[PDB]
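Quick notes on the structure that follows.
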Amino acid sequence: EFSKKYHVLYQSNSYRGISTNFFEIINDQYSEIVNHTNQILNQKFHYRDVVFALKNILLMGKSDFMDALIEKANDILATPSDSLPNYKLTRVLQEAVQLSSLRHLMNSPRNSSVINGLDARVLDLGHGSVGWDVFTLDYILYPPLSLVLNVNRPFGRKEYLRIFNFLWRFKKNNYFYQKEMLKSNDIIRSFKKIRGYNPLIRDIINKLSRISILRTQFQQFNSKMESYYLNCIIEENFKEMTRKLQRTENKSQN
Amino acid sequence: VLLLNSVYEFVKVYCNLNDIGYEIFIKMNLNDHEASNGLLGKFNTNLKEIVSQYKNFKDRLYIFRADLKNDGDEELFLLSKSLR
Amino acid sequence: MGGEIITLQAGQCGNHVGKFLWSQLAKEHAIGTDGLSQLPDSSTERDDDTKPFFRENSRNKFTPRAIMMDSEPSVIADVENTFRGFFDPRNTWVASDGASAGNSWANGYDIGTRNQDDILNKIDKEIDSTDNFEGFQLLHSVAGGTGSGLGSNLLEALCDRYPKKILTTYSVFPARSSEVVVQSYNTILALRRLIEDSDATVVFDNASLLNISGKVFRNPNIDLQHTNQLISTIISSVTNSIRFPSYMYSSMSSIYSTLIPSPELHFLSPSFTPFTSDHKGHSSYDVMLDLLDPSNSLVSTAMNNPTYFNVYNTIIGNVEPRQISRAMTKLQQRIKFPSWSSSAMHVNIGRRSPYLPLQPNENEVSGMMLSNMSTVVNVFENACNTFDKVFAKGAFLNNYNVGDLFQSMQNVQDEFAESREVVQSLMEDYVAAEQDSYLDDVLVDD
Amino acid sequence: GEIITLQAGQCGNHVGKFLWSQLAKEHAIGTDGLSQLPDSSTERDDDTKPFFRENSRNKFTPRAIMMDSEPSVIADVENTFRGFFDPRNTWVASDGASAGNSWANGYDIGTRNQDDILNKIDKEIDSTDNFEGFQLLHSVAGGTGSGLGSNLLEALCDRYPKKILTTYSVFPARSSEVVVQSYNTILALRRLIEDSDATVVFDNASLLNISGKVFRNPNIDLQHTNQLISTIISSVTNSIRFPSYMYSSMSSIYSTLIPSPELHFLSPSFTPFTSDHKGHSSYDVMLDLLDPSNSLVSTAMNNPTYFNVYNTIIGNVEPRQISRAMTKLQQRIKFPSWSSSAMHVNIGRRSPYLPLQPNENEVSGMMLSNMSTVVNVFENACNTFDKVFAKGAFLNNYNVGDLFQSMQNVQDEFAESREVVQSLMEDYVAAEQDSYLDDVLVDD
Ligand SMILES: Nc1nc2c(ncn2[C@@H]2O[C@H](COP(=O)(O)OP(=O)(O)O)[C@@H](O)[C@H]2O)c(=O)[nH]1
Ligand SMILES: Nc1nc2c(ncn2[C@@H]2O[C@H](COP(=O)(O)OP(=O)(O)O)[C@@H](O)[C@H]2O)c(=O)[nH]1
């Protein structure tokens, strides 16, 4: 229908050659098609929602999800890459969604199609490597969105997978310190029975309490560094990119 | 990355001590004055490893912080100072 | 990692605080006082997660993950009525009718002991509902007797029955230096249990909480029932990242793993910058500086050469990191840390709920935070001074056997002595930590 | 710099009624607190914020605390300003009426209510970010008036040690009431001399000497002549309200007006004006202002010593006229041998919404000065005081509260208050002498 209208308009001015009026038709056509396109992208393809989902998941903007994946995949992560039950990851992803705020997309029209694009991949880092090293968590896009968005194209720079791995290393270490600190707390807790054992205990406990402090040195390192990137580089550049993408929202009175 | 690799390794050594400490406590549940001094030996041995690693880590971390600080860019000065 | 959280109210203090907590929480999640979603079902997208605090049923009713205990049915009933349709009545427990005061800690401890089976059965029933449970929020409020007594006995039962679940306790100290003649009883015995069993705790001072409530909500009509809103919001600040997650924490485990260097020293001291709740919209730069200002403390700590330790805050609102880093640098110069420590200071995201009223983000001064400092000891000492006199003289030691056999089995002298060692060690550990040599026992153990 | 008006006693509240009425006219705000302007033009070219808490709503809340012992004066104002005033900033000494016309009574009620009064003051300070100061409107010899002013001053001078609290002092013409009124004046004055910021004197005798010529006689009444008081107050803040680019602050204003830590009581003059203004030139207005006939203080001196002379001319001022007037004024002002005579002249603005503005091709203005004779306003009160409170009923039987813990706290408070006032007078005189600085600047 669109083309027919414009066809006619250009036919009407065909006698003019260009004579500016041609430009005027274009300016209107430009506006109409671009705005129409954007309505579609965010109405049928949920473009912004996809953008946020990618940031939330691949750039790890959502903490609950990432932890949900790790717990569900702990055996996978510990298991060598050489023999992984990779199909288990389908189950892990499904649960990680149910275990996180993401389930709000999974259970709703307009949103389920976005969440369904998430799909894990395994990196070949060599024999003896484990799921903790080789899990990369990808996302699959199809045109029309694969034509708009930057994606991990097979011949591209794989920006997201590389970033994922960077952030992943922080998550792995953070996972482990939380797990380990709870193991520590479980044992330091047995400080009541000591009334019948103190001669062989006072020294181990004093060392363990100081060890918790040493452990905290590493946790704060990881917390500070991970946070630095996320709250200084990623969020800042992200907020700027959405501001650009949000210009169509007429978000500013300025 | 090396600092991150180090923290991964720190967890493994802390875990080894946690398991040693666990068994020392189990042995006391069974025999109050036993809990073999060999376990205390291993505990202390793995602690020596943590401490050695701790110090080595800290020196590398210092260098990292120093390199961020003296490269230029206020962000690196701010980050480096915040790691102290 | 994060998981579901259960709130336990051991007495009227906690049960009153619950009005403030559940109102503020429901407010932030667009849940009404009837437990129902306040949002029209024309919009179904949500980006929060109510699961850790409410069961959401098929009628979009949100049932609080909380169990309320008392000896007085009226406080819980007041909450049930205030919020009729919000709370599940089966989560209401009341001790056999009776009364106690001062010696009410002993009585509390007894009702806990006598009824551990009934209270624990209610707790297990709620936990058994779900898989990913991660900890409890305990409203202990040490100043109260049966509140603290019950809380002390339940704490012991829970920390060993649920060794994997983090127990965080909220406890406010007495505003009166004269009631301490019996509140020091409650305190020494309750504090023993908190020190031995709790994983984390936040300490409050009713004198400071009352003064601040009156100063911020500028009004001479100062009350515990006005003040509890501050308690509700320190809690909502803390759980901000869980309820409204981002990428920084969203877990009790995560924050404690970064905020508590030793399980021995897990008593935190809260403060805040002005906020609205159930014109001073200063930059986050200023918020950070204002947050360590003694006038904003919810604990009277004096802050004379403030005794350092791990610092963590949240700035509520959408603010710029450059201000955060500039303020942090200044804070690093203002607040000291031991050389053995990591000298860590942290800032959370502070995202606001999408269901709140609109305000400019440049005016988002608001926030509440906690520091791990030895400046908690001075609170413990005011009790300590009071209790190192009544037990020493034997005042009221002949008036505590309120069903728990405190006097019947002559545990009178032993409960004091063991509890006294425990509270002293906490204070000594806080102080030992003040020196640079604190870690020498492991780091120069050549 | 935000300013909070303090309206103390019925005089202070009546003066405020006139002040706020003029402000509502200057900044076209109705009595309901709403802008009278269309919102088709969102730029107002003024700033109401220092005097009003412009809301997010079309509401301009006067930054004022309304204080009395008699709630009816405040109500008369609130009932006129129907939405304009915020009633939560209203305090009334409801716990007993003042026991007659004694500053001590006003003081005693303010003292008991000091915390409540301050709480209202801070509720309003909480609505100001850049709080700078206060404007106190009061009679000098009223019980509630001067007593409340005395309490407010003591409370505020210590609570806000870095803020500016100025005073607008209304002086009754001396009459027989002076047997009480002179101590109300004197003891409350002691408090002003010791604690207050720059103070301006309004002599009711002059308000009448003038109103007998410019007000619709017979109604030339002192509560009617509040328009003259209002004219000066609004003229002073005109540089703040419709700011130009020279003087935009109270601290800037006083930088050339206050020569020493001593509190100075300044003497205003004004001519010509319109209220419910056609001067010929600024040349003439400036020259006309250096004449006691335009003064609101009956100093009545033919050759007073002037210090710190300042004036503001508002309108289409020609700088040549100003220069010529300065040229002749420079030659006919008495001032000490130790200080070059610097007259400060500021040019202000007419409100963009002033109904008169479209036809103003004429100028008018105000002069303020430090006069060695300003203290003449206290002369009759002082002479009375010396004869009356030396030993009369007037010394002790009008005292309540701390002033009458014992007769000793009366006998000495009154004698000391007189001495504080005597010292004030002596210093205004010392400043008239060349020796004031000849025994300073060459002392080396
Ligand atoms: N902060 C706060 N304290 C309370 C509240 N209700 C009671 N209290 C505390 O109650 C203490 C006295 O014991 P109480 O708990 O009331 O009696 P109980 O039934 O034996 O536990 C006092 O120190 C109060 O601080 C409340 O809602 N807020
Ligand atoms: N110019 C002027 N004088 C006033 C006004 N109201 C009252 N007076 C004077 O105020 C003096 C005493 O103080 P006032 O406030 O009136 O009485 P109080 O409320 O009992 O303290 C009297 O001598 C009156 O001449 C007013 O609005 N303007």
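The chains in the structure tokens are called A, B, ... from first to last as shown; in each chain the residues are counted from 1, and the ligands are counted from 1 in the order shown.
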Chain C contacts to chain D at 8 Å (only C-alpha atoms) as a PDB file with N, CA, C and O atoms, in the first residue's frame:
ATOM      1  N   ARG C 218      10.686  16.524  60.597  1.00  0.00           N
ATOM      2  CA  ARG C 218      10.782  17.507  61.637  1.00  0.00           C
ATOM      3  C   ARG C 218       9.489  17.602  62.394  1.00  0.00           C
ATOM      4  O   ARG C 218       8.509  18.181  61.913  1.00  0.00           O
ATOM      5  N   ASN C 219       9.511  17.085  63.617  1.00  0.00           N
ATOM      6  CA  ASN C 219       8.321  17.065  64.431  1.00  0.00           C
ATOM      7  C   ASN C 219       8.652  16.610  65.859  1.00  0.00           C
ATOM      8  O   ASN C 219       9.286  15.572  66.030  1.00  0.00           O
ATOM      9  N   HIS C 279      13.780  18.837  48.462  1.00  0.00           N
ATOM     10  CA  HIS C 279      14.440  20.136  48.526  1.00  0.00           C
ATOM     11  C   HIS C 279      15.908  19.972  48.941  1.00  0.00           C
ATOM     12  O   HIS C 279      16.728  20.877  48.766  1.00  0.00           O
ATOM     13  N   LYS C 280      16.213  18.828  49.547  1.00  0.00           N
ATOM     14  CA  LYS C 280      17.516  18.452  50.050  1.00  0.00           C
ATOM     15  C   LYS C 280      18.092  17.378  49.139  1.00  0.00           C
ATOM     16  O   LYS C 280      18.974  16.612  49.525  1.00  0.00           O
TER      17      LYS C 280
END
| task | Just need the residues of chain B within 10 Å of chain C, counting only C-alpha atoms, so spit them out as a PyMOL selection string. | result | chain B and resi 44+47-48+50-52+54-55+74-75+77-79+81-84
Next, write the just-selected residues to a file, as a PDB file, in the first residue's frame, keeping N, CA and C atoms as the atom set.
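Result went into again37.pdb, see below:
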ATOM      1  N   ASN B  44      48.479 -26.524  58.796  1.00  0.00           N
ATOM      2  CA  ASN B  44      49.457 -25.476  58.830  1.00  0.00           C
ATOM      3  C   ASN B  44      50.208 -25.402  57.520  1.00  0.00           C
ATOM      4  N   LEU B  47      48.135 -23.643  55.140  1.00  0.00           N
ATOM      5  CA  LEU B  47      48.096 -22.248  55.514  1.00  0.00           C
ATOM      6  C   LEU B  47      49.370 -21.581  55.041  1.00  0.00           C
ATOM      7  N   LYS B  48      50.511 -22.260  55.163  1.00  0.00           N
ATOM      8  CA  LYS B  48      51.747 -21.658  54.691  1.00  0.00           C
ATOM      9  C   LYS B  48      51.593 -21.366  53.202  1.00  0.00           C
ATOM     10  N   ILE B  50      48.753 -20.688  51.644  1.00  0.00           N
ATOM     11  CA  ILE B  50      47.899 -19.524  51.469  1.00  0.00           C
ATOM     12  C   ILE B  50      48.647 -18.263  51.696  1.00  0.00           C
ATOM     13  N   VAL B  51      49.426 -18.225  52.758  1.00  0.00           N
ATOM     14  CA  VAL B  51      50.159 -17.041  53.118  1.00  0.00           C
ATOM     15  C   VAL B  51      51.176 -16.706  52.043  1.00  0.00           C
ATOM     16  N   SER B  52      51.867 -17.709  51.520  1.00  0.00           N
ATOM     17  CA  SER B  52      52.819 -17.462  50.464  1.00  0.00           C
ATOM     18  C   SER B  52      52.096 -16.898  49.263  1.00  0.00           C
ATOM     19  N   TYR B  54      49.259 -15.375  49.276  1.00  0.00           N
ATOM     20  CA  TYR B  54      48.672 -14.111  49.682  1.00  0.00           C
ATOM     21  C   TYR B  54      49.650 -13.012  49.421  1.00  0.00           C
ATOM     22  N   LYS B  55      50.874 -13.220  49.871  1.00  0.00           N
ATOM     23  CA  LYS B  55      51.899 -12.231  49.695  1.00  0.00           C
ATOM     24  C   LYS B  55      52.264 -12.051  48.240  1.00  0.00           C
ATOM     25  N   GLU B  74      42.501   9.884  34.962  1.00  0.00           N
ATOM     26  CA  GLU B  74      41.992   9.987  36.306  1.00  0.00           C
ATOM     27  C   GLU B  74      41.228   8.752  36.701  1.00  0.00           C
ATOM     28  N   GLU B  75      40.637   8.061  35.739  1.00  0.00           N
ATOM     29  CA  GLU B  75      39.928   6.846  36.066  1.00  0.00           C
ATOM     30  C   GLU B  75      40.860   5.790  36.616  1.00  0.00           C
ATOM     31  N   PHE B  77      43.658   6.421  38.199  1.00  0.00           N
ATOM     32  CA  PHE B  77      44.115   6.855  39.509  1.00  0.00           C
ATOM     33  C   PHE B  77      43.052   6.510  40.528  1.00  0.00           C
ATOM     34  N   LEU B  78      41.799   6.757  40.167  1.00  0.00           N
ATOM     35  CA  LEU B  78      40.690   6.496  41.051  1.00  0.00           C
ATOM     36  C   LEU B  78      40.543   5.009  41.299  1.00  0.00           C
ATOM     37  N   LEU B  79      40.713   4.201  40.254  1.00  0.00           N
ATOM     38  CA  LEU B  79      40.604   2.778  40.433  1.00  0.00           C
ATOM     39  C   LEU B  79      41.729   2.255  41.270  1.00  0.00           C
ATOM     40  N   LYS B  81      43.574   3.769  43.554  1.00  0.00           N
ATOM     41  CA  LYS B  81      43.446   4.156  44.952  1.00  0.00           C
ATOM     42  C   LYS B  81      42.345   3.374  45.640  1.00  0.00           C
ATOM     43  N   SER B  82      41.313   3.037  44.899  1.00  0.00           N
ATOM     44  CA  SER B  82      40.194   2.326  45.454  1.00  0.00           C
ATOM     45  C   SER B  82      40.491   0.866  45.730  1.00  0.00           C
ATOM     46  N   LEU B  83      41.612   0.368  45.237  1.00  0.00           N
ATOM     47  CA  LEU B  83      42.007  -1.003  45.438  1.00  0.00           C
ATOM     48  C   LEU B  83      42.932  -1.104  46.647  1.00  0.00           C
ATOM     49  N   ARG B  84      43.176   0.025  47.327  1.00  0.00           N
ATOM     50  CA  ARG B  84      44.023   0.032  48.512  1.00  0.00           C
ATOM     51  C   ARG B  84      43.197   0.164  49.776  1.00  0.00           C
TER      52      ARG B  84
END
| request: Grab me every residue within 9 Å of ligand 2, counting only C-alpha atoms and all ligand atoms, and send it over as a PyMOL selection string. | output: chain D and resi 8-18+68-70+73+98+100-103+106+138-148+170-175+177+181+202-204+207-208+221-226+228-229
| Counting only C-alpha atoms and all ligand atoms, which protein, DNA or RNA residues come within 6 Å of ligand 1, given as a ChimeraX atom specification? | /C:11-13,16-17,101,104,143-147,174,206,224-225,228
Go ahead and write the residues just picked, N, CA, C and O atoms, as an mmCIF file, in the first residue's frame.
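Below you can see selection.cif, which holds the result:
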data_model
loop_
_atom_site.group_PDB
_atom_site.id
_atom_site.type_symbol
_atom_site.label_atom_id
_atom_site.label_comp_id
_atom_site.auth_asym_id
_atom_site.auth_seq_id
_atom_site.Cartn_x
_atom_site.Cartn_y
_atom_site.Cartn_z
ATOM 1 N N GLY C 11 8.493 -10.630 68.896
ATOM 2 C CA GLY C 11 7.716 -9.912 69.909
ATOM 3 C C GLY C 11 7.078 -8.665 69.341
ATOM 4 O O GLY C 11 7.173 -8.410 68.138
ATOM 5 N N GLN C 12 6.492 -7.834 70.208
ATOM 6 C CA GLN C 12 5.759 -6.666 69.756
ATOM 7 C C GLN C 12 6.613 -5.704 69.014
ATOM 8 O O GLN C 12 6.159 -5.110 68.042
ATOM 9 N N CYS C 13 7.862 -5.572 69.405
ATOM 10 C CA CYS C 13 8.676 -4.626 68.697
ATOM 11 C C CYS C 13 8.732 -5.014 67.253
ATOM 12 O O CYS C 13 8.403 -4.202 66.392
ATOM 13 N N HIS C 16 5.446 -4.758 65.386
ATOM 14 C CA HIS C 16 5.104 -3.391 65.004
ATOM 15 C C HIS C 16 5.952 -2.972 63.811
ATOM 16 O O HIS C 16 5.440 -2.432 62.825
ATOM 17 N N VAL C 17 7.230 -3.349 63.827
ATOM 18 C CA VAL C 17 8.158 -3.025 62.756
ATOM 19 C C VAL C 17 7.625 -3.636 61.491
ATOM 20 O O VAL C 17 7.729 -3.055 60.413
ATOM 21 N N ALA C 101 8.078 -9.202 82.890
ATOM 22 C CA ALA C 101 8.714 -7.913 82.568
ATOM 23 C C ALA C 101 10.098 -7.851 83.185
ATOM 24 O O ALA C 101 10.268 -8.143 84.368
ATOM 25 N N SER C 104 11.398 -11.002 81.722
ATOM 26 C CA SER C 104 10.766 -11.379 80.528
ATOM 27 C C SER C 104 11.763 -12.003 79.576
ATOM 28 O O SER C 104 11.372 -12.815 78.746
ATOM 29 N N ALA C 143 16.420 -4.912 73.310
ATOM 30 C CA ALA C 143 15.859 -4.255 74.459
ATOM 31 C C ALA C 143 14.639 -5.009 75.042
ATOM 32 O O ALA C 143 14.364 -4.929 76.247
ATOM 33 N N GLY C 144 13.849 -5.677 74.206
ATOM 34 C CA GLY C 144 12.678 -6.361 74.724
ATOM 35 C C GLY C 144 13.038 -7.646 75.449
ATOM 36 O O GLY C 144 13.894 -8.405 75.026
ATOM 37 N N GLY C 145 12.285 -7.982 76.475
ATOM 38 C CA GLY C 145 12.539 -9.225 77.180
ATOM 39 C C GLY C 145 11.998 -10.447 76.466
ATOM 40 O O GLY C 145 12.779 -11.233 75.940
ATOM 41 N N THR C 146 10.674 -10.640 76.391
ATOM 42 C CA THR C 146 10.246 -11.884 75.759
ATOM 43 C C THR C 146 10.659 -11.885 74.307
ATOM 44 O O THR C 146 11.041 -12.920 73.772
ATOM 45 N N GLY C 147 10.704 -10.720 73.677
ATOM 46 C CA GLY C 147 11.181 -10.661 72.312
ATOM 47 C C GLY C 147 12.591 -11.253 72.220
ATOM 48 O O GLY C 147 12.845 -12.152 71.407
ATOM 49 N N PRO C 174 18.105 -0.392 74.211
ATOM 50 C CA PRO C 174 17.261 0.468 75.021
ATOM 51 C C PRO C 174 17.627 1.936 74.965
ATOM 52 O O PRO C 174 18.800 2.289 74.972
ATOM 53 N N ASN C 206 17.765 2.882 70.199
ATOM 54 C CA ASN C 206 16.512 3.609 70.168
ATOM 55 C C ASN C 206 16.711 5.086 70.449
ATOM 56 O O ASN C 206 15.932 5.897 69.953
ATOM 57 N N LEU C 224 8.257 5.483 68.935
ATOM 58 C CA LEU C 224 8.837 4.228 68.493
ATOM 59 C C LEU C 224 8.071 3.790 67.276
ATOM 60 O O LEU C 224 8.604 3.160 66.362
ATOM 61 N N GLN C 225 6.811 4.195 67.232
ATOM 62 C CA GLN C 225 5.941 3.818 66.142
ATOM 63 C C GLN C 225 6.050 4.777 64.975
ATOM 64 O O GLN C 225 5.271 4.699 64.030
ATOM 65 N N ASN C 228 9.972 3.306 63.702
ATOM 66 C CA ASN C 228 10.038 2.018 63.047
ATOM 67 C C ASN C 228 10.062 2.160 61.542
ATOM 68 O O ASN C 228 10.457 1.224 60.844
#
| field | Distance filter 7 Å, only C-alpha atoms, chain C against chain A, as a PyMOL selection string | value | chain C and resi 1+45-49+163+245-250+253-254+257-258+261-262+321+342+344+439+442
| said: as a PyMOL selection string, please: the residues near region 105-111 of chain C (cut-off 7 Å, only C-alpha atoms, same-chain neighbours under 2 positions excluded). | reply: chain C and resi 95+100+102-103+113-115+145-150+152-153+186+400-404
Export N, CA and C atoms of the chosen residues as a JSON list (two decimals), in the first residue's frame?
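Output below, filename result33.json:
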[["chain", "number", "residue", "atom", "x", "y", "z"],
["C", 95, "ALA", "N", 2.35, -17.39, 72.49],
["C", 95, "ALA", "CA", 2.73, -18.12, 73.69],
["C", 95, "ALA", "C", 1.55, -18.29, 74.61],
["C", 100, "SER", "N", 5.23, -11.21, 81.87],
["C", 100, "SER", "CA", 6.53, -11.06, 82.50],
["C", 100, "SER", "C", 7.08, -9.69, 82.13],
["C", 102, "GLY", "N", 11.11, -7.49, 82.40],
["C", 102, "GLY", "CA", 12.49, -7.42, 82.90],
["C", 102, "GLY", "C", 13.08, -8.83, 82.87],
["C", 103, "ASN", "N", 12.40, -9.69, 83.60],
["C", 103, "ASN", "CA", 12.65, -11.11, 83.70],
["C", 103, "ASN", "C", 11.96, -11.82, 82.57],
["C", 113, "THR", "N", 11.63, -22.30, 74.41],
["C", 113, "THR", "CA", 12.03, -23.66, 74.69],
["C", 113, "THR", "C", 10.84, -24.60, 74.71],
["C", 114, "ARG", "N", 9.80, -24.21, 75.42],
["C", 114, "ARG", "CA", 8.63, -25.03, 75.61],
["C", 114, "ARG", "C", 7.91, -25.28, 74.31],
["C", 115, "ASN", "N", 7.89, -24.28, 73.46],
["C", 115, "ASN", "CA", 7.22, -24.36, 72.19],
["C", 115, "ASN", "C", 8.14, -24.43, 71.00],
["C", 145, "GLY", "N", 12.29, -7.98, 76.47],
["C", 145, "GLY", "CA", 12.54, -9.22, 77.18],
["C", 145, "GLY", "C", 12.00, -10.45, 76.47],
["C", 146, "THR", "N", 10.67, -10.64, 76.39],
["C", 146, "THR", "CA", 10.25, -11.88, 75.76],
["C", 146, "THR", "C", 10.66, -11.89, 74.31],
["C", 147, "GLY", "N", 10.70, -10.72, 73.68],
["C", 147, "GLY", "CA", 11.18, -10.66, 72.31],
["C", 147, "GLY", "C", 12.59, -11.25, 72.22],
["C", 148, "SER", "N", 13.52, -10.77, 73.06],
["C", 148, "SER", "CA", 14.89, -11.24, 73.04],
["C", 148, "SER", "C", 15.06, -12.67, 73.52],
["C", 149, "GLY", "N", 14.29, -13.06, 74.51],
["C", 149, "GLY", "CA", 14.33, -14.39, 75.09],
["C", 149, "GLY", "C", 13.88, -15.42, 74.07],
["C", 150, "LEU", "N", 12.75, -15.14, 73.44],
["C", 150, "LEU", "CA", 12.22, -16.02, 72.44],
["C", 150, "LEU", "C", 13.17, -16.05, 71.30],
["C", 152, "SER", "N", 16.30, -15.52, 71.38],
["C", 152, "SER", "CA", 17.52, -16.21, 71.75],
["C", 152, "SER", "C", 17.34, -17.70, 71.66],
["C", 153, "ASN", "N", 16.20, -18.21, 72.12],
["C", 153, "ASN", "CA", 16.01, -19.64, 72.07],
["C", 153, "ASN", "C", 15.78, -20.11, 70.63],
["C", 186, "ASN", "N", 18.51, -8.86, 79.99],
["C", 186, "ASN", "CA", 18.03, -9.30, 78.72],
["C", 186, "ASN", "C", 19.18, -9.22, 77.74],
["C", 400, "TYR", "N", 14.29, -14.23, 88.26],
["C", 400, "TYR", "CA", 14.35, -14.58, 86.85],
["C", 400, "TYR", "C", 13.87, -15.95, 86.46],
["C", 401, "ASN", "N", 13.41, -16.75, 87.40],
["C", 401, "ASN", "CA", 13.03, -18.12, 87.07],
["C", 401, "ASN", "C", 11.64, -18.17, 86.46],
["C", 402, "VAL", "N", 11.42, -17.47, 85.34],
["C", 402, "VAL", "CA", 10.05, -17.40, 84.88],
["C", 402, "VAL", "C", 9.76, -18.52, 83.88],
["C", 403, "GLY", "N", 9.77, -19.72, 84.43],
["C", 403, "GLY", "CA", 9.50, -20.98, 83.75],
["C", 403, "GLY", "C", 10.71, -21.70, 83.12],
["C", 404, "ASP", "N", 11.85, -21.01, 82.94],
["C", 404, "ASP", "CA", 12.98, -21.64, 82.24],
["C", 404, "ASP", "C", 13.96, -22.35, 83.15]]
Give one line per residue of chain B that approaches chain A to at most 8 Å, naming the two atoms of the closest pair and their distance in Å to one decimal, counting only C-alpha atoms; sort by chain then ascending residue number and deliver it as CSV.
residue,atom,partner,partner_atom,distance
B:4,CA,A:169,CA,7.2
B:7,CA,A:218,CA,6.3
B:8,CA,A:173,CA,5.7
B:11,CA,A:177,CA,6.4
B:14,CA,A:180,CA,7.4
B:15,CA,A:180,CA,6.3
B:18,CA,A:184,CA,6.1
B:21,CA,A:187,CA,7.1
B:22,CA,A:187,CA,6.2
B:25,CA,A:190,CA,7.9
B:28,CA,A:197,CA,7.4
B:32,CA,A:197,CA,6.1
B:33,CA,A:200,CA,7.3
B:54,CA,A:214,CA,7.8
B:79,CA,A:228,CA,7.7
B:83,CA,A:221,CA,7.2
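If you look at CA of residue 80 (chain B) and CA of residue 292 (chain C), they are 22.3 Å away from each other.
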| In region 82-176 of chain C, DSSP strand (DSSP E or B) residues written as a VMD selection string | chain C and resid 92 to 94 133 to 139 167 to 173
How about saving the chosen residues, N, CA and C atoms kept, as a CSV table (one decimal), in the first residue's frame?
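Below is the file that was written, part-v1.csv:
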chain,number,residue,atom,x,y,z
C,92,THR,N,0.7,-17.0,62.4
C,92,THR,CA,0.7,-16.3,63.7
C,92,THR,C,0.8,-17.3,64.8
C,93,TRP,N,1.7,-17.0,65.7
C,93,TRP,CA,1.9,-17.9,66.9
C,93,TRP,C,1.9,-17.0,68.1
C,94,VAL,N,1.3,-17.6,69.2
C,94,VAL,CA,1.2,-16.9,70.4
C,94,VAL,C,1.5,-17.8,71.6
C,133,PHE,N,15.8,-21.5,49.3
C,133,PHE,CA,15.7,-20.7,50.5
C,133,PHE,C,17.1,-20.2,50.9
C,134,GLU,N,17.3,-19.0,51.2
C,134,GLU,CA,18.6,-18.4,51.6
C,134,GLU,C,18.5,-17.5,52.8
C,135,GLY,N,18.3,-18.0,54.0
C,135,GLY,CA,18.3,-17.1,55.1
C,135,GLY,C,17.0,-16.5,55.7
C,136,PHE,N,17.2,-15.9,56.8
C,136,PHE,CA,16.2,-15.3,57.6
C,136,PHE,C,16.5,-13.9,58.1
C,137,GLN,N,15.4,-13.1,58.2
C,137,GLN,CA,15.5,-11.8,58.8
C,137,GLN,C,14.9,-11.8,60.2
C,138,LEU,N,15.7,-11.6,61.2
C,138,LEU,CA,15.1,-11.8,62.5
C,138,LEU,C,14.9,-10.5,63.2
C,139,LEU,N,13.7,-10.2,63.7
C,139,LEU,CA,13.6,-9.0,64.4
C,139,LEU,C,13.6,-9.4,65.9
C,167,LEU,N,21.5,-16.2,59.0
C,167,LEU,CA,20.6,-15.6,60.0
C,167,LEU,C,21.1,-14.1,60.2
C,168,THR,N,20.3,-13.2,59.7
C,168,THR,CA,20.6,-11.8,59.9
C,168,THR,C,19.6,-11.2,61.0
C,169,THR,N,20.1,-10.6,62.0
C,169,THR,CA,19.3,-10.1,63.1
C,169,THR,C,19.3,-8.6,63.2
C,170,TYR,N,18.1,-8.0,63.3
C,170,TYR,CA,18.0,-6.6,63.5
C,170,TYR,C,17.7,-6.4,65.0
C,171,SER,N,18.5,-5.6,65.7
C,171,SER,CA,18.4,-5.4,67.1
C,171,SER,C,18.6,-4.0,67.6
C,172,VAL,N,17.7,-3.5,68.3
C,172,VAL,CA,17.8,-2.1,68.8
C,172,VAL,C,17.9,-2.2,70.3
C,173,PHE,N,18.9,-1.4,70.8
C,173,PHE,CA,19.2,-1.3,72.2
C,173,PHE,C,18.3,-0.3,72.9
| request: Extract, using only C-alpha atoms, all DNA, RNA and protein residues at most 8 Å from residue 24 (chain B), discarding same-chain residues fewer than 3 positions from it, and format them as a PyMOL selection string. | output: chain B and resi 20-21+27-28+35-36+39-40
